[PDB]
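Below you'll find the structure, written out as structure tokens, and then a few comments.
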Amino acid sequence: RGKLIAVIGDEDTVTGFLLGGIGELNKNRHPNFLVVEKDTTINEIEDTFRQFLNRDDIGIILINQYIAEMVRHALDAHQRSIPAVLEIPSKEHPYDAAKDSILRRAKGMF
Amino acid sequence: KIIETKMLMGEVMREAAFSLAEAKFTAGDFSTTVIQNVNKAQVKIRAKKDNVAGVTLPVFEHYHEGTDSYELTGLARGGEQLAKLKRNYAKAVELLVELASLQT
Amino acid sequence: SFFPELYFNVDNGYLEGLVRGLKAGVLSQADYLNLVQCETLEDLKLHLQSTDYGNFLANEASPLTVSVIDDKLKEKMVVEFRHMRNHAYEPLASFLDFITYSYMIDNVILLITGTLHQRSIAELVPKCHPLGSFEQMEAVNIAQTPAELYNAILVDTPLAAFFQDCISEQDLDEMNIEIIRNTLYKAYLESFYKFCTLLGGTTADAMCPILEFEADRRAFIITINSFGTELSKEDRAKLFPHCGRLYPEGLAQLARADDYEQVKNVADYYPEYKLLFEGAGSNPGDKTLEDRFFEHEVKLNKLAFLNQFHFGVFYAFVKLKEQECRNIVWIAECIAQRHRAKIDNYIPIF
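Taken in order, these protein sequences are the chains called L, H and d.
Just so we're aligned: 50 in the entry's author numbering is position 47 of the first sequence, and the numbers increase by one with no gaps anywhere.
Just so we're aligned: 106 in the entry's author numbering is position 57 of the second sequence, and the numbers increase by one with no gaps anywhere.
Just so we're aligned: 181 in the entry's author numbering is position 180 of the third sequence, and the numbers increase by one with no gaps anywhere.
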């Protein structure tokens, strides 16, 4: 009931989670997810990112790292805890490690 | 504990990504149907309180609400691979929920 | 009979030579081995360029991805198909239309659902499978009105006859989308089979065995996958095609079955299938049932080229290359994801 998990990522990432049973339409026919394609621009990602951050029914957001870099300024601008944003490796992009939001919050972590 | 979980997340997501490729191999192009055919969520997250000390910390807890997900045998009827794929990501989500709670 | 082997090459002579000449270019086992011995996508391209495949990734993004290899391969065979489909006459073209129908069926499922959930046609068309095409209007600019799409389909879209099972729109809103697509596919397969039997020569004997296999394949796989879902046994039976070996007797047992073992027990009555369930060891690190079906289907599609005077060579041609595309992408995916131990999961195409 309480909170949904929003996903902003590539075609396979979103498809996988949707099969995972996560994601749904609100009463306004809005989807708590975005598929980011090669033709998707920065304003589209940022607008979606912001709407999830300002949407009180979301909370955890799952994004691809390569996207995290594309709109990275928005990831440090918001410092809260409901909107926990987790950065994941895309099907082909390589495993994340550096530029983790948390490793930045705490500079004492491997 | 945050880093140990992050490392596991890598291994778990890799397996799910491969499993998706396997489902695609059999099914072909199911991704369009899944993305368009979305209505209700089966997984939702509830807030819970963790009394770490005098300070109380907000944590997420996985809630298996139970509303049925889409059952799709339309593409090559590759139900076995899609079923394993659902489970692989479902497991990934639970780990990610734990992961978000750790960020707080 | 004396019906074939005479007029066939009068109009279809060129296409028969061309399509077999195109088949001659399909990757051999030796070529797949060269593709496996790469471990790099750039080397994969270079090795693939050794055959009729290649030179299609040129002028694309310097990074090589799976999505590019997948799309490009599909495009290659679509172009070759359209070429042969355009240089063809009604006696053969109608056969080819059925092949395209299978893809149109999936595409119209996409046109609905999206129409039902306010999506514009222009947004949906880019995700439709090629050969669907839908050059006709009225299906275009439906104004997100399900009634307008339903009427345009009845009128302009060749699949109108198939929708006779799913009608009045009420069916579109009340039926589960997957039941609608499985129902339409049944209608397609039943009509296409009958068409092949109306062409009661070599084509009927060369083509029907493959269609009959697919029909029985659907019954087996649907029954198993349907176990874990919510579906009336009778409604499940309604989806079993009648063009196969299970139709006389066998579907009744699958319709009642609630277990994998009961489905296998049915196969036990059909050695051609019993061997498949025995081969489908289903171990945690072995091949499964779907894999054995692909291997059998390809064997049949290869045997299709033992007849030089029929239309079934074109059907097998498309399906055989589709599996070849699956095989090539599989290799690219195994490289991209670095799982070399899983490389030998392609279906050899001889």
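C-beta atoms are modelled at their ideal positions from N, C-alpha and C, and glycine is treated no differently.
- Task: Please decide whether residue 226 (chain d) counts as near chain A, where near means a Cβ-Cβ distance under 8 Å.
- Result: Structure shown: chain A not included; protein chains present are L, H and d.
- Which class does residue 97 (chain H) belong to by DSSP, given the choice of helix, strand or coil? Reading the second sequence from its first residue, position 48 is the one you call residue 97 (chain H). In the structure shown, residue 97 (chain H) sits in a strand (DSSP, three-state: E or B).
- Task: Grab me the residues of residue 155 (chain d)'s own chain with a C-beta within less than 8 Å of its C-beta, minus the 5 sequence neighbours each way, in chain order.
- Result: Within the third sequence, numbered from 1, the residue matching residue 155 (chain d) stands at position 154. Around residue 155 (chain d): 161 and 164.
- Interfacial residues, the stretch 55-69 of chain H to chain L, with Cβ spacing under 8 Å: 55, 58, 59, 62, 63, 65, 66 and 69
- Task: Tell me the start and end of each unbroken alpha helix (DSSP H) in the stretch 176-209 of chain d that is at least 4 residues and wholly inside, in chain order.
- Result: Fully enclosed alpha helix (DSSP H) runs of no fewer than 4 residues occupy 178-199 of the stretch 176-209 of chain d, in order along the chain.
- On a CA-only basis, which of d:54, d:69, d:107 and d:130 is nearest residue 60 (chain d)? Give me that one, please. For the purposes of this step, residue 60 (chain d) is taken as residue 59 along the third sequence, with counting starting at 1. The shortest Cα separation from residue 60 (chain d) among d:54, d:69, d:107 and d:130 belongs to d:69.
- residue 164 (chain H) bridges to which residues according to DSSP? Nothing in the structure corresponds to residue 164 (chain H), since chain H is present only between 50 and 153.
- In chain order, what residues of the same chain have a beta carbon less than 7 Å from the beta carbon of residue 143 (chain H), not counting five sequence neighbours either side? Along the second sequence, one-based indexing puts residue 143 (chain H) at 94. Once the five neighbours on either side are set aside, the close Cβ partners of residue 143 (chain H) are 111.
- Query: Using a beta-carbon distance cut-off of less than 7 Å, what residues from the stretch 83-111 of chain H approach chain d?
  - Reply: 85 and 86
- Query: Using a C-beta cutoff of 8 Å, does residue 128 (chain d) count as contacting chain H?
  - Reply: Against the third sequence, residue 128 (chain d) aligns to sequence position 127. Cβ-Cβ to chain H under 8 Å: yes for residue 128 (chain d).
- Should residue 121 (chain H) be flagged as near chain d, meaning a C-beta pair shorter than 8 Å? Residue numbering aside, residue 121 (chain H) sits at position 72 when the second sequence is read from its first letter. Chain d places a beta carbon closer than 8 Å to that of residue 121 (chain H), counting this residue as a contact.
- Item | Contacts of residue 237 (chain d) in chain H (Cβ-Cβ under 8 Å) | Here residue 237 (chain d) refers to the residue found at position 236 of the third sequence. Those do not exist, as residue 237 (chain d) stays about 11 Å from chain H at its closest Cβ, beyond 8 Å.
- Item | Cβ contact (3+ pairs, closer than 8 Å) linking the stretch 18-38 of chain d and the stretch 332-349 of chain d | yes
- Query: Which full runs of the alpha helix (DSSP H) of 4+ residues lie inside the stretch 72-130 of chain d, going along the chain?
  - Reply: 91-115 and 122-125
- Task: Kindly indicate which three-state DSSP category residue 80 (chain L) falls into: helix, strand or coil?
- Result: Locating residue 80 (chain L) in the first sequence gives position 77, where the first residue counts as 1. Helix.
- Rounded to the nearest angstrom, how far is the Cβ of residue 196 (chain d) from that of residue 297 (chain d), given a contact under 8 Å? Counted from its first residue, the third sequence places residue 196 (chain d) at position 195. Counted from its first residue, the third sequence places residue 297 (chain d) at position 296. About 23 Å separates the two Cβ atoms, so there is no contact after all.
- Task: Compare the C-beta of residue 95 (chain L) with all C-beta atoms of chain d and state if any pair is closer than 8 Å.
- Result: Residue 95 (chain L) sits at position 92 when you count from the first residue of the first sequence. So, interface residue.
- Selected residue, minimal CA-CA separation from residue 93 (chain H), among H:150, H:146, H:151 and H:122: As a first step, residue 93 (chain H) must be located in the second sequence, where it is residue number 44. Of the candidates H:150, H:146, H:151 and H:122, the one whose C-alpha sits nearest the C-alpha of residue 93 (chain H) is H:146.
- When every heavy atom of the ligand GDP is checked, does at least one fall within less than 7 Å of the C-beta of residue 111 (chain L)? The ligand content of the structure shown is nil, which means the ligand GDP is not present either.
- Item | Cβ pair count under 8 Å reaching 3, the stretch 10-19 of chain L against the stretch 97-105 of chain L | no
- Message: Check whether the stretch 182-194 of chain d and the stretch 135-149 of chain d are in contact - that is, three or more C-beta pairs closer than 8 Å.
- Response: no
- Message: Would residue 116 (chain d) pass as an interface residue toward chain H - the criterion being a Cβ-Cβ separation below 8 Å?
- Response: For this step, residue 116 (chain d) is matched to residue 115 along the third sequence. No, because no Cβ of chain H sits closer than 8 Å to the Cβ of residue 116 (chain d).
- Query: Using 8 Å as the Cβ pair cut-off and three pairs as the minimum, do the stretch 315-324 of chain d and the stretch 287-302 of chain d touch?
  - Reply: yes
- Quick one: which chain H residues come within Cβ less than 7 Å of residue 52 (chain L)? Locating residue 52 (chain L) in the first sequence gives position 49, counting from the first residue. Those within 7 Å of residue 52 (chain L) in chain H number zero; the least Cβ separation is about 16 Å.
- Message: Tell me the DSSP secondary structure of residue 133 (chain d) in three-state form.
- Response: Taking the third sequence and counting its residues from 1, the one referred to as residue 133 (chain d) is at position 132. Looking at residue 133 (chain d) - three-state DSSP - the assignment turns out to be coil, as it is neither helix nor strand.
- Query: Any Cβ of chain L within less than 8 Å of the Cβ of residue 76 (chain H)?
  - Reply: Residue numbering aside, residue 76 (chain H) sits at position 27 when the second sequence is read from its first letter. By this cut-off, residue 76 (chain H) is not an interface position.
- Cβ atoms of residue 145 (chain d) and residue 121 (chain d): under 8 Å apart, would you say? In the third sequence, residue 121 (chain d) corresponds to position 120, counting from 1. In the third sequence, residue 145 (chain d) corresponds to position 144, counting from 1. Yes, Cβ-Cβ distance for residue 121 (chain d) and residue 145 (chain d) is below 8 Å.
- Assign residue 109 (chain d) to buried or exposed, taking buried as 16 or more other Cβ atoms, counted over all protein chains shown, within 10 Å of its Cβ. Numbered from its first residue, the third sequence carries residue 109 (chain d) at position 108. That one is buried.
- Query: Under a CB-based cut-off of 8 Å, is residue 67 (chain d) close to chain L?
  - Reply: Stepping through the third sequence from its first residue, residue 67 (chain d) is reached at position 66. Output row for residue 67 (chain d): interface = yes.
- Message: What does the Cβ neighbour count give for residue 75 (chain L), buried or exposed, with the cut at 16 atoms within 10 Å?
- Response: Position 72 of the first sequence, counted from the start, is the residue given in the question as residue 75 (chain L). So residue 75 (chain L) counts as exposed.
- Message: For residue 102 (chain H) and residue 232 (chain d), what's the separation of their Cα atoms in angstroms?
- Response: In the second sequence, residue 102 (chain H) corresponds to position 53, counting from 1. In the third sequence, residue 232 (chain d) corresponds to position 231, counting from 1. Cα to Cα, the separation comes out at about 51 Å.
- Query: For residue 67 (chain L), which beta-bridge partners are listed by DSSP?
  - Reply: Position 64 of the first sequence, counted from the first residue, corresponds to residue 67 (chain L). Paired residue(s): L:91.
- Query: I think residue 34 (chain L) touches residue 83 (chain H), with their Cβ atoms under 8 Å apart; what is that distance to the nearest whole Å?
  - Reply: By one-based count along the first sequence, residue 34 (chain L) stands at place 31. By one-based count along the second sequence, residue 83 (chain H) stands at place 34. Not a contact, Cβ separation roughly 12 Å.
- Query: When DSSP builds the beta bridges, which residues end up paired with residue 153 (chain d)?
  - Reply: Reading the third sequence from its first residue, position 152 is the one you call residue 153 (chain d). The partner list for residue 153 (chain d) (beta bridge, DSSP) is empty, contrary to what the question assumes.
- Message: What does the alpha-carbon distance come out to for the pair residue 198 (chain d) and residue 103 (chain d)?
- Response: Along the third sequence, read from residue 1 onward, the residue named residue 198 (chain d) stands at position 197. Along the third sequence, read from residue 1 onward, the residue named residue 103 (chain d) stands at position 102. The alpha-carbon atoms of residue 198 (chain d) and residue 103 (chain d) are separated by roughly 18 Å.
- Message: Helix, strand or coil, according to DSSP, for residue 5 (chain d) in the structure here?
- Response: To locate residue 5 (chain d), count along the third sequence from 1; it is residue 4. Three-state result, residue 5 (chain d): coil.
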